[PDB]
Amino acid sequence: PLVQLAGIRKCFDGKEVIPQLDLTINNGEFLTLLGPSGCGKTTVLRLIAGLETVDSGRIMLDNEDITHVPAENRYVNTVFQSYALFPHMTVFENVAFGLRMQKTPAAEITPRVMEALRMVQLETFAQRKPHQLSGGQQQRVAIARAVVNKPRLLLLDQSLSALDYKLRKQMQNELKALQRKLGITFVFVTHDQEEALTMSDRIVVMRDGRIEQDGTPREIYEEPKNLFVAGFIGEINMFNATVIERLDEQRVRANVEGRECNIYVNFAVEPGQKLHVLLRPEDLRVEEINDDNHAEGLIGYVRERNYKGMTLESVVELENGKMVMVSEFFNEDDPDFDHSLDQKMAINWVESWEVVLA
Amino acid sequence: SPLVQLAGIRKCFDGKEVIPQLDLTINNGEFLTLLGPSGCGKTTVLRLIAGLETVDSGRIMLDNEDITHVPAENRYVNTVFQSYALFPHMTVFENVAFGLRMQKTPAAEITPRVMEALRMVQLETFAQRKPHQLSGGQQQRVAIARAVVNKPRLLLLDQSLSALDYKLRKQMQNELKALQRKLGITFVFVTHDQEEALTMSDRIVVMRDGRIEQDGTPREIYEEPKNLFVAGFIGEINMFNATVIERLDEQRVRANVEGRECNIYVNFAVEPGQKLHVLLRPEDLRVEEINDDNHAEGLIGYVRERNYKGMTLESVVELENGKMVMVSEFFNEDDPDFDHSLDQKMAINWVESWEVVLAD
Amino acid sequence: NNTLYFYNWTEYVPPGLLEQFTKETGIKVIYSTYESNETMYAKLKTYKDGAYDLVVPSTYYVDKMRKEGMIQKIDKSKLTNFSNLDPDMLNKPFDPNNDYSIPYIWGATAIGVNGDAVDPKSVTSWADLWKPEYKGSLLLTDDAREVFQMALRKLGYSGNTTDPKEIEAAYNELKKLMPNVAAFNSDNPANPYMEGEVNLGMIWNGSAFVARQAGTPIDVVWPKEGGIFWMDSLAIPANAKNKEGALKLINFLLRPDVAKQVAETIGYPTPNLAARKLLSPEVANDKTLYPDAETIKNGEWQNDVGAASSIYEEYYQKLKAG
Amino acid sequence: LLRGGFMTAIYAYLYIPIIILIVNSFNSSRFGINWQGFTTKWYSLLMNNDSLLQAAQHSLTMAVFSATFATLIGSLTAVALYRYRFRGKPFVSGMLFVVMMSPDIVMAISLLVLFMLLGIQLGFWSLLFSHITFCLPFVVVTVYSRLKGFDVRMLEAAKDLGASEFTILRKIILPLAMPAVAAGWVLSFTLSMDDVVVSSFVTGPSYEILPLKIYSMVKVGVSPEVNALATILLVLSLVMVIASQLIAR
Amino acid sequence: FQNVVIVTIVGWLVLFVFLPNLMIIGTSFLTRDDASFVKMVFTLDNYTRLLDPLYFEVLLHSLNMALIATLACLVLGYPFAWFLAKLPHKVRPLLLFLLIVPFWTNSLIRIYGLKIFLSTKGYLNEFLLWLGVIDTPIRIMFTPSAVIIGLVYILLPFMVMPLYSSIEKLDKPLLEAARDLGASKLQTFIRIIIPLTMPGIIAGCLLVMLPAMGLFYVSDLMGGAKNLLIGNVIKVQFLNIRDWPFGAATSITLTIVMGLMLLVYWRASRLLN
């Protein structure tokens, strides 16, 4: 363990933002905190960094208590959303600030700064003020400033949010490679789902100052734990179910949205219980019906279609009046296929690729 | 059916030529999107149509009436801006009714129209609440309502939905498509995003340095690229270099693509020894991982990254050449779950006749 | 029903006097103040042609101001109160027939001292001020003639001198007194005494009266080298609009009752013989306001110099900057 | 705290002489060094003082006129800068900054020589022009900084909706600017009240104003009518600040 | 209209601001005359008289008394504006407004009031007498100290307002970022806060030092004979002695300082943007 948190509380203007948190951070992992806007991720990041002081609890770093050490003495460095980047100093002095303030002997400042600038591909822009660089280069200067001091934990805070949609794809992989090459923990704060899924090795999902789920992306996307998590990342379809009778230990009989078929369930039920049915849009099969044979699935309709390039996404409406939003792929046996509007449809899923909740 | 016709527009600003020479036609009842890199002159075209700038040579036509020198006060065109351009001291009702008041509408007809315009956009109850008490989405909605109540012939939009978040943007895209279907008037939409261009458009124009590169349906621009820029702009493409050996039959040609020989499909006439460009998408590459010197048909490369997006799995595999190619494979088939290592050795193939070969 | 502009000295008109005049003739009067003769001179030449209606020059400029053409005839028939004035000070060489000025108020200037700090006997002559024991504490008046008719009477000369060798003898000797001056006051030379900052220096006798009618023992010790005497007169500038109004105000200040109400409050000796008698035993008796006939003839009056005016002034303005 | 002690001192330093000119207004000693009882004689003596009342009247009329015209011209200039963008804008901004960073004695002597060469008598008009001249920049800065906090795209949006160039002024720009137009009129009124350096140079005997009359009395230092005239103008100044806020909204 | 507004504003500035300064620089060179105040004859005699030790030690003493007032404003006003920017947002408009209310009382009377408050027999000597701290009074009139106190007392609000904007307009993240990297409260002040706020410091000295050499009534009421400011010299020349060319030649020591301090403002503003 690198950082242990024990019973943290923090209050702001009389309103609570962090009730209780116990969280452990290991050595050499890429951790991400994901949640809705303004849910106390920033406060936890600042407490680890040292820019705020706790009301109760304990923070430990390799078993040395750091609860009341000042911010300028910890070995944790932080990267900001707006790339702090003092405007009146060149890139070289911006990087060398930390070295100068820690009484580094003057013999080695130049090599260390140059190596740190090389880690991020900014060798040539060493004498250029931080207004004649572009956005990405400013991001890189901030990261290099953070890394040169050899910290034990890097905190990134909406690091890549202002950049366009191709530079973000490049820089996510760049950060992923840098983390492996260095060997120290990266804590990341984000509000986007795809970035959290693609860049991380472990996810902690937070809502209003409490931890909801904590695990690797496979676990959170495939086997959620409640309705907030299953619905925060990825689009999800919720179907209301009422149980009729049990068939065996793996299959159960129930009515869902007017049709009565069998749903796989793996917990104890009694007749009359209400259950929740969840399905991802990609795991849901669809087939047009023009003939009079209306069977094998719910009725539905189509109100909207969207050519995604790679995929095709439709919004359907059942007999009740609920949207299901199915997604489809382009295979060899079915290239170029398209829908019309108000085409009567037939919806069915793929036999045990669902999760059912209490 | 012709509605707007740009025939020979020329425009310069600060001694620089921004629109060299542009010929374009806009139909009635459709949904057109102008797409390109930042600062390729989409904004200037939109402004020239709207009336906030004047041309140097050429004529702009609206329903067989020349409007090249009618000010931005008598044209039947309305515009939606990017900062929402809201008057902060007036109420929502006054913001919407401004356009009516400037046209001398009888006092008895104002309120029902304003309430209808607020209703098409779901702001019935916020009629008497000033801005700065509204969220971002609601300011966008009020701007659209302010635009539409005058009954224009063409509603121009300028990067309208960029300041919002993800799910709300994804909702309001469908909202806009529904509105366009209801009203029956042409929508012109300027954007930098590729997915939002493919999702909701019915005709796409791609602009780079003032020239129209291509025009057509989204499937025509994603499946039939005309040059390298269009292929690499929307979506992701894999550029390959190939050299031609000889012909096989009326529809196949031998080639030396990245060091090995493989049958490719080239429709047009080919002579040995020329340079070809083979373009493939991460859509179409099929990859199999080879353990111990078995089934080594195809290119040989090594994996460097692995990115799980929940529905698919992208991996950048680097070839022996040193070339990075993007692979995208899905879980929707009966492969429940899989994952790669960081130095695993892979074989690359692709499905027949799904290539795109370009000359020069 | 017109109005007049009255341009006068600092502390002559007491509050209320001009309010009386209005309710008697219907004329409104606007009032301003001097601090010296050179300031009055410059004002009248910049804003020429009708800026003022009634100046109050000192007698030793009534001759100078005639030839430049800034004073005019005074019609002497409507001035029907002239007789009450003292005939003693009424025919002197500067204005023979009194067609140019009418005497207003005279006065004196001698050493002032504070009893609570300095003994009024330890200083008795002008020369005691040059002592090197009074560095940086001495109030001096701010008139070129007064400051110069003190070194001339110290070395021994006539205060009314027109010789470039005695005036230049004054400067060289009066420039050794500057290491002792702390202020140059000519608006109310009693305030630095009443505030507690200076305790020795030149003082006008009338101003020391006002500080003894309040709480402070300022004693006017006369110097052995003499005493500086002066007189002021009323005049009408050449280009004026209320010609009638200017006369009707001089005719009001020559009345006995008017001239004694002011004379008692300000303590400056009056040249009005008629009102010189109707007075209090503390105003019309004090040795420092109205002196004997032995002291008036031991000091020198301020007479005209002529065209050596500039030499006195030009040396003065270099003495200040030290 | 000692932090509050630092702020307590600076306010006491600035507020002690103000209290003295109020305490000594009701004092009876004509000099003001000590305390000698209570009286209301001085105010009544002021009420009959013709010269000082005329001087105060001239001060008020000049302040009103100068403030009004300066507000109008400066507000229009700020609208011109906010609405349009051209090449000379940084140059004009620098011109205004340099004018505002200018010594007052140099301005006084320069306006004296200018009015002497052309041949205009010193009096009412010269004082008016000088007051407008040194009041403009503050009006310009205030209105422009008020307007700079809003989107400029409103004006294009108004044009697209079918509005003339004059209707934009009445219905959009002017309502957004009134809270700063009023703050400029009051600020201009304040300066023209207590300006001493320029007035001492560029006015004559004809039109006399309060700084000059107070100067003489303060040097002579015998008349506490001055202290009483000061406390009236403070009350009259605090009612305009309050009245402006009600009218501006 | 469109161009009338721009034409009038540049017409006003050319006639009333910039052309008259060239008139003064031009008249610093003509000869004296008793009729038209000038006579069209070119001399350098006016400038040579300034280097006379008689009329040159006055400028040096007038400049020492203006710096010390200006350094006093920085030392006292910088902490005052820094503490005020650390208060609840609901009380700031109260304390700022209570700092501007003195101006509605005439400035010429507030100095006369301060003259009483520091006299030998006035208040603060009798009050501080009977509370046993001094044996004999404190005399601070007619001394260089008196004029400096009067200068600081009037011109202090002109230093707080420019400093207040440039402190309130700092980016908070910049201050937090230095704290992470290992910077104490002293190195944060020397190496970040001072350079970011330098254009606000130079602006203050412009509004304090230049008027401090033109306020002739602090010297009239409180200075005496040995303590003069330049503003007194020009008033004496232009209205009593009536030597306009020498009076104008004195004013140019005041335009030179305006130019040099403005240059530092343009150059120190570019370093930041």
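Using alpha carbons only, what's the Rg to Rh ratio of chain E with Rh from Kirkwood? List each step's numbers first, then the result.
Working: Rg = 23.3 Å, Rh = 22.4 Å.
Across chain E, the Cα-based Rg/Rh ratio is 1.04.
Annotation note: GluC sites (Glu not before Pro) in the range A:36-119 located in DSSP loop regions with a Cβ neighbour count of at most 10 within 10 Å are A:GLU108.
Within chain D, the selection of entire DSSP H helices by a Cα span of 20 Å or greater along the long axis and an average Kyte-Doolittle value of at least -0.5 returns D:2-23, D:50-83, D:104-118, D:124-147, D:174-191, D:225-248. Each of the trypsin sites (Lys or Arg not before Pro) that DSSP puts in a loop and that has at most 14 other Cβ atoms within 10 Å breaks chain E; the longest unbroken stretch is E:170-273. The modelled label-to-label distance for the pair B:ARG260/B:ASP202, using points 7 Å beyond Cα in the direction of Cβ, is 4.7 nm. For the residues of A:194-205, the average number of beta carbons from a partner chain within 10 Å of their own beta carbon is 2. As a calculated quantity, the FRET efficiency between C:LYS176 and D:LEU118 at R0 = 56 Å, using C-beta atoms, amounts to about 0.70.
Using a Förster radius of 60 Å, what is the FRET efficiency between B:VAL356 and D:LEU2 based on their Cβ-Cβ separation? Nearest 0.05, please. Here the calculated transfer efficiency is 0.20. Taking 19 Å as the cut-off, the amide N atoms of the range E:81-112 that come nearer than this to a point 7 Å along the Cα-to-beta-carbon line of E:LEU272 belong to E:81-86. Taking a Cβ cut-off of under 10 Å around A:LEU61, the surrounding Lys, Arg, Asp and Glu residues balance to a net charge of -1, with basic ones at +1 and acidic ones at -1.
3J(HN,Hα) couplings calculated from phi for the range C:33-40 with the Karplus curve 6.51 cos²θ - 1.76 cosθ + 1.60 (θ = phi - 60°) are, in sequence order, 9, 9, 9, 6, 7, 5, 5, 4 Hz; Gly and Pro show x. A dipole drawn for the protein assembly as shown from +1 and -1 charges on Cβ atoms has a positive end, and of A:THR104, B:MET102, C:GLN72 the residue lying farthest that way is C:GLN72. One quarter of the surface of the convex hull around the alpha-carbon atoms of chain B equals 24.8 nm², the direction-averaged projected area.
With both labels modelled 7 Å from their Cα along Cα-to-Cβ, the C:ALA307 to B:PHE13 distance reads 8.1 nm. If the cut-off is 17 Å between C-alpha atoms, which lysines fall inside it for A:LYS10, apart from same-chain ones fewer than 8 positions away? Within the straight-line limit of under 17 Å, A:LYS10 reaches these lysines: A:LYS41. What the Cα convex hull of the protein assembly as shown gives, in volume per residue, is 279 Å³. Taking amide H as placed 1.01 Å from N in the peptide plane, B:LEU62 has its amide H under 5 Å from the amide H of B:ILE67, each at least 5 places away in sequence or on another chain. For chain C, the longest principal axis of the Cα atoms and the long axis of helix C:243-253 meet at an angle of about 60 degrees. For C:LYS135, the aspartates and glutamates whose Cα falls under 15 Å of its own Cα, not counting residues fewer than eight places away in the same chain, are C:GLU197. Under the combined filter of DSSP loop state and at most 13 neighbouring Cβ atoms within 10 Å, the range D:40-145 retains these trypsin sites (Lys or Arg not before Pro): D:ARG85, D:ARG87. Under 5 Å between amide hydrogens, built in the peptide plane, is the criterion, and for C:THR33 it picks out C:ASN8 among residues at least 5 positions away or on other chains.
Relative to the longest principal axis of the Cα atoms of chain B, the long axis of helix B:166-183 lies at roughly 60 degrees. Restricting the chymotrypsin sites (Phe, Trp or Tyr not before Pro) of the range A:180-247 to loop positions (DSSP other than H, G, I, E, B) with no more than 15 neighbouring Cβ atoms within 10 Å leaves A:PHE228.
Can you tally the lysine pairs in chain D where the Cα-Cα distance is under 20 Å and the two residues are eight or more apart, or on different chains? Mind showing how you got there, number by number?
Numbers: D:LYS89/D:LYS148; D:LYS148/D:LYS159; D:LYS148/D:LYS171; D:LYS159/D:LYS171.
For chain D, qualifying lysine pairs total 4.
Annotation: amide H-H contacts under 5 Å for A:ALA6 (H modelled 1.01 Å from N, sequence separation of 5 or more, or interchain): A:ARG58. Across the range C:123-135, coupling constants 3J(HN,Hα) worked out from phi with the 6.51/-1.76/1.60 Karplus curve, θ = phi - 60°, read 10, 9, 8, 4, 5, 5, 6, 6, 4, x, 9, 10, 5 Hz, and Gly and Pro carry x. Among the listed pairs A:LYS176/B:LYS309; C:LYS45/C:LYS320; C:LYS45/C:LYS67; B:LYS226/B:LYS275, a Cα-Cα separation exceeding 21 Å is found for C:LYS45/C:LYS320. Computed over neighbours whose Cβ is under 13 Å from that of C:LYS78, the net charge equals +2, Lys and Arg +1, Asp and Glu -1. In order along the range E:21-36, the Karplus-derived 3J(HN,Hα) couplings, from 6.51 cos²θ - 1.76 cosθ + 1.60 at θ = phi - 60°, round to 4, 5, 5, 5, 5, x, 6, 6, 9, 7, 9, 6, 7, 8, 9, 9 Hz, and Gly and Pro are given as x.
Axis angle, to the nearest 10 degrees, between helix A:109-119 and the longest C-alpha principal axis of chain A: 20 degrees. The distance between label points at A:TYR165 and D:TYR84 comes to 4.2 nm (points 7 Å beyond Cα on the Cα→Cβ vector). For a modelled paramagnetic label at C:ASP49, 7 Å from Cα along Cα-to-Cβ, the residues of the range D:94-135 in reach, with backbone nitrogen under 12 Å, are D:119-122.
Quick note: the coordinates plus some simple rules give every number you see, no bench work behind them. Here Cβ is always computed from backbone atoms with ideal geometry, including for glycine, and neighbour counts include all displayed protein chains.
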